[PDB]
Amino acid sequence: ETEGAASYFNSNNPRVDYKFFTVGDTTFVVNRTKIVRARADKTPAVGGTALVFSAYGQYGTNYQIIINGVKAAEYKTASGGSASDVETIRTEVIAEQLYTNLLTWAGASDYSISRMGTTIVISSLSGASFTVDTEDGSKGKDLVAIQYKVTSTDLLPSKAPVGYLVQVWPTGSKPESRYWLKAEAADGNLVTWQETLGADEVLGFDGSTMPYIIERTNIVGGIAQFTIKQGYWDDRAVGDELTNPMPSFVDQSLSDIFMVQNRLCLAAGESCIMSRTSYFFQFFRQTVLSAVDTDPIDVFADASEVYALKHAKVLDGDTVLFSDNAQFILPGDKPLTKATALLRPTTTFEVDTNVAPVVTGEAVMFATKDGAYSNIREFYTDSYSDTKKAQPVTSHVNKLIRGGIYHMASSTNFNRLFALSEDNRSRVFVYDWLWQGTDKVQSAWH
């Protein structure tokens, strides 16, 4: 066992609750009672820390640093008619002179101020935003004041403290193009920025409520050892809430687990989430700047009048998704992208989701419940060139099966089908069939 072992298996009717899945060696266990919750921790909010820097300098400019209203850190450049005024306009000279004046200011006892390169960094001591103004000779060329947002990429400071956060959102640009950048320590005068998660956002899924994993590590002395453990779910890394949103299945209960085109498929109620290709534990885009086909997909084309879907099966180039009152077809002709994958509601047959439908090759066999008996229907493709209908194969024997069906098993090589009934556990029904040409030369029950 592990942490949360005897807390995800808290149920009284495991037949309806626990739905299992298997890929490779790992085994996924899904409980339909718990509700997925988001983790309590959040990224730090928009900090009051701000930095200022100089770019050009000009001649004879009175440089101001308006720190939260009251004026401080004053400096003025000489006229420039003398050859010696060239030294006073350099960025480094401006930076150090402004730093010296700011430190001597009376209010400096509340803000931590340091100088690195041509950048002055002001950090609050348990306070709100500085709301700096920093008027200068030009419009924005001379001095640039940034707290957490910038209007372009060229205006980025040459130097910055390690771990500084900033928002990039050029004016007149689509909201999908904005992203958060992080200033990380590097050599050379220029600093390097990397994509990072936004400020004051939820980190990721809470592992205590997400489906668990059962894995067979090795075999010791002819006996395999099995380990149950929490899932290795990837955490959100890049983007903000708008461009990297939480999938809608949060604050809901899972319904089924399956997979299509090597992508894990989290189907919960109206929502179904497509995992990243070859990476089952990640549901968030690797990078927000650009979109690629491998990125996870969200498909909501199913109607909301259909409740939580239960089963999924493959049928002649398509994956059919079974609900309690309708069916859907997910096309597989084209690769699934953000603009191509969609659910197509095709048939409205009445299907009982208590028992798992089986596949017999070219057809899918599902059972329906009615009264104290049960019928079994065949799902196949008709002679219309892509239209599917369902027909009952228990027409001549409909009262044979007592109670309902709780288990099925098929055999494509033997063309054999098995069924069970609750009214007598000792009785098993065998349905045999054999296609030949275009007709069923045999359809046997015993």
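Calculation notes
- The residue numbers you see begin from 1 on each chain and track the sequence as written, which may not match the entry, and residues missing coordinates are not shown.
- These chains belong to a larger assembly; the numbers reported describe only the chains shown.
- In computing side-chain values, all of the structure's heavy atoms are included and hydrogens and water are not.
- What counts as a helix is a DSSP run of H or I of at least four residues, what counts as a strand is a run of E of at least two, and both are numbered from the N terminus.
- The globule rule used here is 2.2 Å times the number of residues to the 0.38 power, and the radius of gyration it is set against is calculated over C-alpha atoms.
- Remark: exposure states derive from per-residue accessible area (1.4 Å probe, protein chains only) relative to the maximum for the residue type, with buried under 20%, exposed over 50%, and partly exposed in between.
- A pair of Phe, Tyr and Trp rings is counted when the ring centres sit within 6.5 Å of each other, with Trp represented by its six-membered ring. The angle between the planes then sorts it: under 30 degrees is stacked, over 60 is edge-to-face, the rest tilted.
- Cation placement over rings: the criterion is NZ of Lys or CZ of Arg within 6 Å of the ring centroid and within 35° of the ring normal.
- Think of it this way: DSSP has to see at least two bridges between two strands before they count as a pair.
- Any carboxyl oxygen of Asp or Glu within 4 Å of a side-chain nitrogen of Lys or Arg constitutes a salt bridge here.
- Here a residue-residue contact requires only that any non-hydrogen atoms of the pair lie within 4.5 Å.
- Multiplying 1.5 Å by the helix residue count minus one yields the expected span of that helix.
- The definition of a polar contact used here is a pair of N or O atoms within 3.5 Å, where within protein one atom must be able to donate a hydrogen and the other to accept one, and adjacent residues in sequence count solely through side-chain atom pairs.

- Header annotation of the entry names cryo-EM as the structure determination method and lists the resolution as 4 Å.

- The PDB entry annotates the protein chain as phage tail tubular protein B originating from Klebsiella phage Kp7.
- This entry appears in the Protein Data Bank under the title "CryoEM structure of Klebsiella phage Kp7 tail complex applied with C6 symmetry".

## Details of the overall build of the protein chain
- Looking only at helices and strands, the protein chain has 3 helices and 30 strands in total.
- Rg of the C-alpha trace for the protein chain: 33 Å, well past the compact-globule value of 22 Å for 446 residues, more than 25% over.
- Seen through its principal axes, the protein chain has C-alpha atoms that stretch 110 × 50 × 40 Å.
- For the protein chain, with 446 residues in total, the buried portion stands at 41%.

## Focus: the packing of aromatic side chains
- Per the counting criterion, the structure on display carries 17 aromatic pairs.
- Taking the centre distance of 5.8 Å and the plane angle of 70° together, the rings of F9 and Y18 count as edge-to-face.
- Considering the side-chain rings of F322 and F379, the 6.3 Å spacing of their centres and the 65° angle between planes classify their relative orientation as edge-to-face. Remark: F379 occurs in strand β25 (residues 373-381) and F322 occurs in strand β20 (residues 318-322); sequence separation between them is 57 residues.
- Residue classification places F322 among the buried positions, given a relative accessible area of 1%.
- In textbook terms, an aromatic cluster arises when at least three aromatic residues are bridged by ring pairs, as seen for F28, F205, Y232, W233, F249, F281, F283 and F284.
- Across from the ring centre of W169, 4.8 Å away, lies the NZ or CZ of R178, which sits over that ring.
- Looking at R425, its charged tip hangs above the ring of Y406, at a distance of 4.2 Å from the centre.

## Quick notes on the sheet that holds strand β24 (residues 364-370)
- Pairing in this open sheet of 4 strands is antiparallel, and the strands run β23-β24-β25-β26 from one edge to the other. Two strands bound the open sheet, and with one partner strand each, they are β23 (358-359) and β26 (388-392).
- With 7 bridges connecting them, β24 and β25 associate as antiparallel partners. Bridging from a neighbouring strand, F366 pairs with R377 of β25.

## Regarding the pattern of salt bridges
- Summed over all chains, the structure comprises 9 salt bridges.
- Measuring nitrogen to oxygen at the nearest pair gives 2.3 Å for the salt bridge that ties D256 to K19. Taken together, the residues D256 in strand β15 (residues 256-260) and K19 in strand β1 (residues 19-23) connect sequence positions 237 residues apart.
- For the salt bridge of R37 with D251, the shortest nitrogen-to-oxygen distance reads 2.7 Å. Placement of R37 in the loop between β2 (26-30) and β3 (50-54) and of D251 in the loop between β14 (223-230) and β15 is noted, with a sequence separation of 214 residues between them.

## Focus: the side chain of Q167
- Relative to the helices and strands, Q167 resides in strand β10 (residues 164-168).
- Residue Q167 is classed as buried on the basis of its relative accessible area, which comes to 5%.
- With sequence-adjacent residues up to four places away left out, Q167 is seen in contact with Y148, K149, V150, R178, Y179 and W180.

## With respect to helix α3 (residues 91-104)
- Taking 1.5 Å as the rise per residue, α3 with 14 residues should run 20 Å; its terminal C-alpha atoms sit 20 Å apart, in good agreement.
- If you check which residues of α3 are buried, you get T91, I94, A95, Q97, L98 and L102.
- On its buried side, α3 packs onto β3, β4 (62-66), β5 (71-76), β6 (112-116) and β7 (119-123).

## Topic: the side chain of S255
- Within the secondary structure, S255 sits in the loop between β14 and β15.
- A distance of 2.9 Å separates a polar atom in the side chain of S255 from the backbone oxygen of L309.
- Discounting chain neighbours no more than four positions away, the residues touching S255 are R32, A267, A268, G269, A308 and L309.

## Remarks on unusual backbone geometry
- Look at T131: it is not a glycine, yet its phi comes out positive at around 55°.
- With respect to the element layout, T131 can be found in the loop between β7 and β8 (143-146).
- Phi is positive for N262, which is not a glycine, with a value near 60°.
- Structurally, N262 is set in the loop between β15 and β16 (263-268).
- On the basis of relative accessible area, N262 is assigned to the partly exposed category, the value being 37%.

## As for the pairing of β16
- Among the 6 residues of β16, 6 are classified as buried, and the element is accordingly described as predominantly covered.
- Neither face of β16 is open: one carries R263, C265 and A267, the other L264, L266 and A268, and all of them are buried.
- Sheet topology note: the β15/β16 ladder contains 5 bridges and is antiparallel. Paired with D256 across the two strands is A267, which belongs to β16.
- Hairpin geometry of β15 and β16 is characterised by an intervening segment of 2 residues between the two adjacent antiparallel strands and by a positive phi of about 55° at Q261.

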